[PDB]
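Below is a structure I'd like to ask you about.
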Amino acid sequence: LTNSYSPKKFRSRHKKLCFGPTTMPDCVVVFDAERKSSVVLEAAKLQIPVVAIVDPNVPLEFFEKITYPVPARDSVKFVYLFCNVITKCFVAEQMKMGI
Amino acid sequence: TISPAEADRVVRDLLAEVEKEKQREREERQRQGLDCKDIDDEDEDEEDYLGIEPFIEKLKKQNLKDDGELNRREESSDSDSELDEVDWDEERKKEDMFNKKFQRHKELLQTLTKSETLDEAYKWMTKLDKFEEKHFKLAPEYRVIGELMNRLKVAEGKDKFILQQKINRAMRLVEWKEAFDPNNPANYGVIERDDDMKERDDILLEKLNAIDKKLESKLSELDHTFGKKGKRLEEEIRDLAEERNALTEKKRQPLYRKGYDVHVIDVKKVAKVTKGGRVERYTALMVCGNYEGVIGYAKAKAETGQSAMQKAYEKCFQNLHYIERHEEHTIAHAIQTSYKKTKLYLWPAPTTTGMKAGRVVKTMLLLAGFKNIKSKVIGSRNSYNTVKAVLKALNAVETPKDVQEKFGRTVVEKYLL
Amino acid sequence: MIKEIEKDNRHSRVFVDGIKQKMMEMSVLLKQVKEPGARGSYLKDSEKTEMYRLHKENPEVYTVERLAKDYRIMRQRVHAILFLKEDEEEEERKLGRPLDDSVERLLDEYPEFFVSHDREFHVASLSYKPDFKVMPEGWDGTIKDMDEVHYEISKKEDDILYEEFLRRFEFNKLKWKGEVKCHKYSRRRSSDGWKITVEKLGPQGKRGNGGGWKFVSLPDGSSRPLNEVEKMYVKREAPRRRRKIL
Amino acid sequence: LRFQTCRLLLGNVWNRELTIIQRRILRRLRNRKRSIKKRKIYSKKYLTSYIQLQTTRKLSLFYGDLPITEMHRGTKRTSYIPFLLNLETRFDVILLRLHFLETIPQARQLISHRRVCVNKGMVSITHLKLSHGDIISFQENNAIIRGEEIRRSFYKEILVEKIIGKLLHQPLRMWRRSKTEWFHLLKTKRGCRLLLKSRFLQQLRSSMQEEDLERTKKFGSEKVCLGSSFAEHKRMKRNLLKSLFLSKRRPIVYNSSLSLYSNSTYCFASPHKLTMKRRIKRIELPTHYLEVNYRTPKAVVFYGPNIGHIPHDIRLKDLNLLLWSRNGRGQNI
Amino acid sequence: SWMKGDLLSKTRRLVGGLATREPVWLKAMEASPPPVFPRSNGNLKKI
Amino acid sequence: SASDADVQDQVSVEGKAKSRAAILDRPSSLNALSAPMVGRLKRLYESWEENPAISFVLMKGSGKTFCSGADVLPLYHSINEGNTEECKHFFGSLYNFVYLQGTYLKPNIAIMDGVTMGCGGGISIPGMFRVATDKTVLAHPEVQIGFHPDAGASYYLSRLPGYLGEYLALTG
């Protein structure tokens, strides 16, 4: 995200080639509990709101950059429930403009 | 303009007019008696009402002394306007932008007069209203000053005083907003090249989306394709990747902002030791500000002293802070803060004091827009730490509005009590 | 219907044709508001001469305050105008021929050829020194307007400036007439001696806040209260309880 | 002596007539100034030394060769505002402001050589501070020469500076030819009054009036009219749309209302137009604190000066490095 | 940067002073602000 | 002044970031309004409306009672001592306060954490937002005392669905 315009090169089968987003996102929804990626740090660096589900053992450094914390244990039922509320809310908003 | 022949015509006509007025007045007085020793030898030769005759004798002899080109353009005497050094390209672009918008408004009017269905007329007037909301929209700040100026022409006494002060504050705020609106693309630049901007970005966006779809389609088939067909798909994918890299490089156009001032704080020569000698590079630290509360800084490293300043000039507009001032000339209260070993003290001052500061702090406060501040730097005087400590102090200041929000009380100036 | 839409065409025309005069008057209002109290107009010599004859023919009603309110200038300026007009008419009375007005008519006919900055009313210069006070939590009451307080300050300073100008200008006017010595070689002894101005110093001889009471005690052994010239001297030599304005 | 300072300050600080060689030199100097003003982004010593020293030198040359820095460091204040306000009440400064003379050295010559009176007190103090109430006059033996000088100076500042720039942008040699014919009109009182009563100067009055109308639009002047008359500009489109519905459900009026709407929305929304032709430096009358009767001539002081009404040719951005003033409120701050 | 406050307040203070252009998410954040909960003294009671 | 210290304690003011909350603090008479309380609340609400730096206002009661009504015993003694001007000035002040609440230009929020009788609902229920707790009790026992549901209670009771307003006002 901080370097989303850097060039890419085709090599092989690899892990498949993918460029960055052409448009800067307005919100980032994170499902990372093991903290494998730097997405929270990059979004904090680039001033983007973050919706993420926080563990009881989250570090302060990662916590303070999260705009919308949802305190829970991310079980399969709660992940489904979260995504269901998000999808239903978004499509209900989309229908109000005739789309 | 006026032709030289026309300018000669008027002065010859005026001399003939004063001669004919003398002749007609002399005759009018002569016809009633009234000998004209006050018209003759008093209005023709020995009047000398200004003392112009020495200048006449000087200029008449000077006008023939040398020769050359009688039509040659020469430099202006009362020259040095000193503000007329304006890039004329934006001036000659905005005029035809407005001309095109006005012509489009006229065509919408001439379509609305030529419509035939009232449903179609409703559609056309909606189109006209959507046009006039985007190209001919008056900002809501102007109607407040409109009502106030309506009251001002009929108010008198104390009310004229109050209305004049309020409209003066409104004039300042509207002028500032118009000159530094970030939404208006006319407040941006091209920085040396290292409504057309929106469509220029849009066509690149559409080309990028098409290239992404084609790349996805070929990458979908590479897994099942084996052999020379796979090799030619690999070459086509590589060519598409080269094209998309070339398109995404073009979206990196740095922009500066008009009206901002950029100054150099530090240029240093740093060196790294290798087995072949010393590797010497350059770092430059630069600051920028718009005199209205927005201030920023950047640091960059290149190989040459010009390229370091160019890189920091490019990156100077990406880390911008807003600083609150008290009555647009001084800070709200005294503030002391430290960054590492650089301790910085700032004190406010009354309105006719001036700014008492060193080079780095004075440049930073001048670009931020302060006018009456005293300061002192105690400890280490590293320039980069001084820049950082000034930005810490200017952001640690609690405004009266901040005290009001923090405590839920009313904060009143003491002379308004 | 056709009359109703004809009247609207006349009503739109009466704005479209007179769009420019609105811009003229609004430009004058902008010049008035960018520097507050500036009148944007350049009072002319014809208006000064009308002011002089209008004050001369009716002094008891068409006074200096009335002239200043009608012509929207400062009372100091009105006093200077009247004094200079009396001097001008005395000069023309001594000459017997009217004076040269070539400069004045040039400034009169073409006010757009020069720059003028005359002032209508005085606006005070404040120091915006930051100093606050936090109200109690259970407080009710309307805080004053900063424009109102600036108005009060400007009014007070204009009163002080007006009376200071009067005290200086009357003394200068009778110095112009010639009742004041203002030379080392024009202060000569009388036939009886010198007069003195005895002042009763001390806290018991105080005429008020500012100095002590005064009397004369003439060289012959008699003493009298002060005259108007001596009273002006007493008024103009007193200390003043303010910082120096302008 | 003095023209060498134009090479120092890269401008026209010399207020005397220029030869062709001096004009050619001044072209190169103005090119050098234009090149210097571009490279300010790469300079460290710009604000604290260069511009401060240039503005100090300009003030020293403006006030007639005086040690501005020394007389300011004598006082202990940082900002230049009270020093300059106090300097503006000096005697020879006032004599320059009233346009009774031409130069600060000429005023110093007249004051030192015992020829100017204050309240009929003949004074010889050049640095004398005048408060409000002082009366400035001359001697009766010199009054006719000073009146002649004032008349000549004003009727030649209407000519050698005013008519040369306004619609008469002729070359220098053509203007030096035509200037004798323009001089010979001014030899008589009749030739002055006829010059004043002319359609030439009336056209030049109207053109300056329209130019000064146009210059106001930089401050959003034309939008103040929209904010003033927003009701009728809505009623115009309201009438056009009501007509376009009523008289179409059941075209000269259409074309008239379209022309009216187009004229109004053109005059209310045309942007500010800027020309290459520069505005001309006019001569300022100090009517905020001095009152003049030009016949005798006589003056009376009646107020204090203003910091923003000093007739200097320095940019506000450069001068605010010395004044440190909160400009915009109209006060002496 | 060196500004103080959280994302919404810092962004609001920045866009009020004409430093940055208005981001799209600012209006959605103003319409739906993040939650707040009172102070807790750091003590968890064993149920 | 030094004379108002009882009424300052009777009507406490809480300040927040952009809001002001008036808290009724009469535990002896269970938050029953008086003419000083209504006048102070009128001044506070007028100033908070006049201020642009306040975004919304609030009304709370302290204890187990929001507001039990108005002070009728003081009016009874004032009638018994002969005069009627105290009662007249009390009624006009209370109805003016209700009218100001009904035409208030900012959001007003009324919290109801207890009993509410008489004008205690008339000062709040024309508000823009009304929050009710589980302990909230709203009743109108004016017919048992011989008075009418004054202070705008003839408005929101009349605009209830059905004949429910008649039922509640008559039966208490």
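A, B, C, D, E and F label the chains in the order they appear, each numbered from 1.
Going forward, a contact is a pair of C-beta atoms (placed from the backbone, for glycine too) under 8 Å apart; a residue touches a chain by one contact, two chains touch by 3 or more.
Asker: What is the minimum number of touch steps required to go from subunit A to subunit E?
Answerer: Step count on the best path from subunit A to subunit E: 1.
Asker: Can you list every chain in contact with both subunit A and subunit D?
Answerer: B
Asker: Which chains touch each other through the most C-beta pairs?
Answerer: Chains joined by the most C-beta contact pairs: B-D.
Asker: Would you mind pulling out the distance in Å between where the CA atoms of subunit E average out and where those of subunit F do?
Answerer: About 36 Å separates the centre of subunit E from that of subunit F.
Asker: For subunit B and subunit E, let me know how many angstrom lie between their CA-based centres, rounded off.
Answerer: So the centre of subunit B lies 33 Å away from the centre of subunit E.
Asker: Distance from the CA centroid of subunit C to that of subunit E, rounded to the nearest Å?
Answerer: Spacing between the chain centres: roughly 57 Å.
Asker: Using Cα averages as centroids, what's the distance between subunit A and subunit C in whole Å?
Answerer: Taking the mean C-alpha position of each chain, the two centres sit 72 Å apart.
Asker: Specify, in ascending order, the residues of subunit B that touch 2 or more different other chains.
Answerer: Within subunit B, residues 149, 168, 171, 327, 329, 351-352, 407-410 contact more than one other chain.
Asker: What are the residues of subunit A that contact at least two other chains?
Answerer: Not one residue in subunit A touches at least two other chains.
Asker: Mark out which residues of subunit D touch at least two other chains, giving numbers and ranges.
Answerer: Correct list: 151, 155, 189, 192, 219, 224, 228-229, 326, 329-330, 333.
Asker: Every pair of chains that touch: which are they?
Answerer: A-B, A-E, B-C, B-D, B-E, B-F, C-D, C-F
Asker: Touching subunit E in the complex: which residues of subunit A?
Answerer: For subunit A paired with subunit E, touching residues are 26-27, 47-49, 67-68.
Asker: In the complex of these two chains, what residues of subunit D are touching subunit C?
Answerer: 85, 119-121, 131-135, 147, 150-151, 154-155, 158, 162, 189, 192, 196, 201, 205, 208-209, 212-213, 216, 219, 221-222, 224-225, 228-229, 232, 236, 239, 243, 246-247, 253, 256-257, 260, 263-264, 267, 282-288, 291, 293-296, 298, 300, 302-306, 308-309, 326, 329-333
Asker: Mind listing the subunit D positions that touch subunit B in their complex?
Answerer: Interface residues on subunit D, with respect to subunit B: 11-12, 17-18, 20, 23-24, 26-27, 30, 34, 37, 40-44, 46-48, 77-82, 148-149, 151-152, 155-156, 161, 165, 167-174, 176-192, 194-195, 198, 200, 219-220, 223-224, 226-230, 241, 244-245, 248-249, 251, 254-255, 258, 261-262, 265-266, 269-271, 273-274, 276, 278-281, 313, 315, 320-321, 324-326, 328-330, 333.
Asker: How about subunit F: which of its residues touch subunit B in the complex?
Answerer: Touch list, subunit F to subunit B: 14-18, 20, 53.
Asker: Mind pulling up the subunit B residues that touch subunit F in the complex?
Answerer: 404-410
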